[PDB]
Amino acid sequence: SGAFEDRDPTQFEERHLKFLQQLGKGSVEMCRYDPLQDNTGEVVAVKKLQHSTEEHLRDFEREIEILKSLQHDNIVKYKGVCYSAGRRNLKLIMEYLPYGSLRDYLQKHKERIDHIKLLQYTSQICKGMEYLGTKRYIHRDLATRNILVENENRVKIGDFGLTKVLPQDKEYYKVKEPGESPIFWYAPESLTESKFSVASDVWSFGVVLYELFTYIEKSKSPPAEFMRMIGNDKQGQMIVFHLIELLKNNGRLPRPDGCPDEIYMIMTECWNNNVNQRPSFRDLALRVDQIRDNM
Ligand SMILES: O=C(Nc1nccc2[nH]c(-c3c(Cl)cccc3Cl)nc12)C1CC1
């Protein structure tokens, strides 16, 4: 009955997006996009909300804009949007990464992980973060659970739902928000003052590096280790009070078993209370690639 002109490959048609699997609960599904009706098509990941409140939808739209603005080998690829429920709902379309989160990959695929691989992932994470800096984006949620694995040789930063954009003349973003924070990845100034910056991303990167070198041994996770240092029985605000006091006076995650001193030195430089003395992501990428190249 109708003629058709497609001038926007970023608009995925609801009727052609076919369910493959539930990936985790926002919630993410794996789907097949099959406009040619032939039982094939590209496999994609689809992110949807739980509640489309004026607030959550505005945030979701901002996350979509953020992801769309990014094009880099070490950042999850934006593919498009689907305006489902007859154009009364919104879903984000992105590339599907077969190995899932780095946290899970390290846990489930120890057979294929050595220090060479760990430094390769470290390098790629720094380069993705360098790229975010050029956009003046502050991620605020760097952790191995939020980094995704394409294959043995490539990891990508995901999870842009907390990302903030710095105005031209500003060097930090103060954000007070209700609910739970990933406190064991937070820099001291984020804990005490809700201040986020490239330098606070560098602090969190230090924790990521720690996570890599612990191989996600369940007992060695940042929450497990900090809670052991703080006291395992502590609950609620008391945890935060003790974490802050600990960090302000140089309490730090321990060197993981089998971690070279030079790699631990990188973590400890990231974990500087003095914001301005933390290294840049460019400094880190160079140092890590030089370590890699010098063997
Ligand atoms: O889930 C998989 N791959 C994935 N591909 C593409 C995008 C993906 N986003 C996630 C994801 C999930 Cl479900 C929960 C929390 C945090 C993240 Cl970052 N996972 C994604 C593989 C394991 C089946």
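Excluded from the calculations below are hydrogen atoms, water molecules and symmetry mates; all remaining heavy atoms, backbone and side chain alike, are included. Each residue takes its place number in the sequence, starting with 1. Atoms within each ligand, like the ligands themselves, are counted from 1 in listed order.
The nearest protein atom to atom 23 (C) of ligand 1, hydrogens excluded, is given as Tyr96 OH, 3.3 Å; this is a heavy-atom distance. Considering only non-hydrogen protein atoms, atom 22 (C) of ligand 1 sits nearest to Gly100 CA, 3.5 Å. The protein heavy-atom contact nearest to atom 3 (N) of ligand 1 is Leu97 O, 2.9 Å. In this structure, the protein non-hydrogen atom closest to atom 12 (C) of ligand 1 is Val28 CG2, 4.6 Å. Given atom 16 (C) of ligand 1, the protein heavy atom at minimum distance is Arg145 O, 4.0 Å. Regarding atom 9 (N) of ligand 1, its nearest protein heavy-atom neighbour is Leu148 CD1, 3.8 Å. In terms of protein heavy atoms, atom 1 (O) of ligand 1 is closest to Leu23 CD1, 3.7 Å.
Other residues, nucleotides and ligands contribute at most 12 non-hydrogen atoms within 6.0 Å of the CE atom of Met238. More than 12 heavy atoms of other residues, nucleotides or ligands shown are found within 6.0 angstrom of CD on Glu262. Annotation for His56: atom NE2 does not count as buried by contact number, only 12 or fewer foreign heavy atoms lying within 6.0 Å.
Ligand 1 lies within reach of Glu95, whose nearest heavy atom is under 4.0 Å from it. Close to ligand 1: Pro98, with a non-hydrogen atom less than 4.0 angstrom away. The closest approach between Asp159 and ligand 1 stays at or above 4.0 Å for every heavy atom of the residue.
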Atom pairs and distances, donor-acceptor, side-chain atoms in residues 252-260, under 3.5 Å, two or more places apart:
from   : atom 1 : to     : atom 2 : distance (Å)
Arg252 : NE     : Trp271 : O      : 3.0
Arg252 : NH1    : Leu247 : O      : 2.9
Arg252 : NH2    : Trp271 : O      : 2.8
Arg252 : NH2    : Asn273 : OD1    : 2.9
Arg255 : NE     : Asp261 : OD1    : 3.4
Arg255 : NH1    : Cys259 : O      : 3.0

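Less than 6.0 angstrom separates the ring centroid of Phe213 from the ring centroid of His115. Here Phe196 and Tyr173 keep their ring centres 6.0 angstrom or further from each other.
Residues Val43 and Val28 fall within the same hydrophobic cluster, defined by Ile, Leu, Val, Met, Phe, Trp and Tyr side chains chained together at heavy-atom separations under 4.5 Å.
Of all the atoms in ligand 1, the ones that sit under 4.0 Å from a non-hydrogen atom of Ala45 are 6 (C), 7 (C).
Counting only residues at least two apart or on different chains, the salt bridge (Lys or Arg N to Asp or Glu O under 4.0 Å) pairs with a member in residues 105-115 are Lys110-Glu217.
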